[PDB]
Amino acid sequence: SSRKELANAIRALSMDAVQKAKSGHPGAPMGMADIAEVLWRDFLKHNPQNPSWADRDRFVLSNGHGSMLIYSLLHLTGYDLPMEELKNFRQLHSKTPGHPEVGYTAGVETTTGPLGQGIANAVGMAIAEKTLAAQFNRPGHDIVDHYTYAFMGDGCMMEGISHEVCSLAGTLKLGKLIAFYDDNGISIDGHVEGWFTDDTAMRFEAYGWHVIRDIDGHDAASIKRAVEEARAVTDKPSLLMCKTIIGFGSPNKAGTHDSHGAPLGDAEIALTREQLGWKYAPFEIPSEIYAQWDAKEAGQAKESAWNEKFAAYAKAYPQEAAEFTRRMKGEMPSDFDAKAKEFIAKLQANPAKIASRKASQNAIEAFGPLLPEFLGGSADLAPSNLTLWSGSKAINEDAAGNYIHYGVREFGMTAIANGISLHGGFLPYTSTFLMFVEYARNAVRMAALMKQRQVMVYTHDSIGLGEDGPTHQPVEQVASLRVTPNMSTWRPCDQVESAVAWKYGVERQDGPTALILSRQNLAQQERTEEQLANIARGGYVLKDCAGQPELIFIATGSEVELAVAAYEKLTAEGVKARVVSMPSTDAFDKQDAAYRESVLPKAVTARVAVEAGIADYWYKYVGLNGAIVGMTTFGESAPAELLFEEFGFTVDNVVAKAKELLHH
């Protein structure tokens, strides 16, 4: 068959699957099919029989609404994605959700949809390949060597995150990153000139990319030559400016916004079949077309050749090969748990009053030698977030390093780190001031949705940061993290809880962990062995009474010391008081009911929550018959001590609120 006919198989499957679902996006798949045919058939290195092959090329669809493009490609090339799944596009529990999801579908590398994040993930995958190659390749043994290809459209280009990640990709000279821009002139509001007029090629040259202008995206020869040129440029990422017609093939809807996001309609599909010369019924693909698209034979040959290369590497570099396998599987060192517990015990035995930002740095220092998979960084806040340890080596200085200077790019950093975690081989950590989680907020959500391990180091957690004032002082950010599905959030009260939280984060296998860390020094609490072991349960009894409590304080982070002081004053008066430290609500909620009852007995309604964050969260644990010593407003610019007084974080106020609650 001709290359145009092979590409038209994508067009047919895509328009027909959208039509059957009565939902979805035919335009971009139809517009990009010729580009996809060249990339996938002539260049992409992959094995449909093993989508997890460590050295495969990675493909990312940043314009993820065009999901039928990737489903068509996966089906045609021989992945485990049968025609009946394409006939179930957008249907409950199918392998073909409306935007592609990692884990749902063989061969999907990332979850896209939210514009701009796919290209960010691709930048992270390319950073991962470059760094892993530098760490593991040896003379005569280049076990890491693969490309990262991304498709993206006008939406991704308009989004700010594209500026963040493509600027950084230029600095890092990511020569194996090749992006294809679907330059079709159309967005949802219509012809893009009314709102998008950049000289995109000039912009990307300003980032230090190699840019190929004016590619005819409907001409295989033009596309193929451009990809060859891009592959030959090894010191710069490449952008291929592909001029396409959205909805290519449709007489009446090609080149129109109408083709973006609704079924074409039966009559228009019939006219499109006529225009394309496509004679096959919906969901019919002839054996000649499968034979030319199928990648099983070539893919298995390429993966087998790589396996033989890896076996030879392992004979010359046995310890390195074992590390490669461990890290690509995402497994932890066998002795990590024991060594981390030893560190935690040493902290409990040797008290220190330090900020939890510093306790975090100390945990990175302790873990660093044990976790060569770390690939950490901060968004231009290394000396403030405290993300460097003695063994940090920045990848802009040493490609085999373990640290990224992300610049002032919080959203891009977080979505890059999602690509790093998706790639395999690394454990990313990212960092900024907690307030600026709001810049990165949807990438944090995406880490949780995609079940990715990433430690998110968020310092300067409250009014305790002081004079920088209300634009910087978090109030409501922790509450929002706490209610995000699959997110783990820890607000440690001292250096011991900080180390436990770090351990919890690195040991997660199926989602991210946010650490909520202080600028100001935090006192260390005394703990029994049982209490020390129970920090990891997220909530535990720190101070107690004999018998059933009359009053329970629930406190987190920097406010535990305040709650303890109130407990001491009320205990001396003869109140049966308790203090619960709640560093992680999510870990606590996952405990068994007997444990939760032992900490927060259901019969004890006189509960006082104490936290320098938004009060409304705490109704979850205090109900309607308790009290909350929290924030209800933005902060103010002043020294931290005076802010804690101004906002009621005083022993007198905590005691008064407890007494008012006990007097009923």
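From 1 onward, residues are counted along the sequence shown. We call the rigid core the largest set of C-alpha positions that still match within 1.5 Å between the two forms.
Each structure in 6 other deposited structures of this protein is fitted to the shown form on the rigid core, and of 590-598 and 173-181 the C-alphas lie farther away on average for 590-598.
Each structure in 6 other deposited structures of this protein is fitted to the shown form on the rigid core, and of 542-550 and 147-155 the C-alphas lie farther away on average for 542-550.
Look at the mean CA B-factor for 574-582 and for 539-547 in the entry; the higher one is 539-547.
Looking at 562-570 and 139-147 together, the entry lists the larger mean B-factor for 139-147, computed on C-alpha atoms. As recorded in the entry, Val604 carries the highest CA temperature factor of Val608, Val604, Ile70, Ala33. Sorting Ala555, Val165, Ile223, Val233 by the CA temperature factor given in the entry leaves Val233 at the top. Per the deposited record, the Cα B-factor of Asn396 falls in the highest third when ranked against the other modelled residues of its chain.
Sorting the modelled residues of the chain by their CA temperature factor places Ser62 in the lowest third.
For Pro82, the recorded CA B-factor ranks within the highest third of the chain. Only modelled residues enter the ranking. Per the deposited record, the Cα B-factor of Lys130 falls in the lowest third when ranked against the other modelled residues of its chain. When the modelled residues of the chain are ordered by C-alpha B-factor, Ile614 sits in the lowest third.
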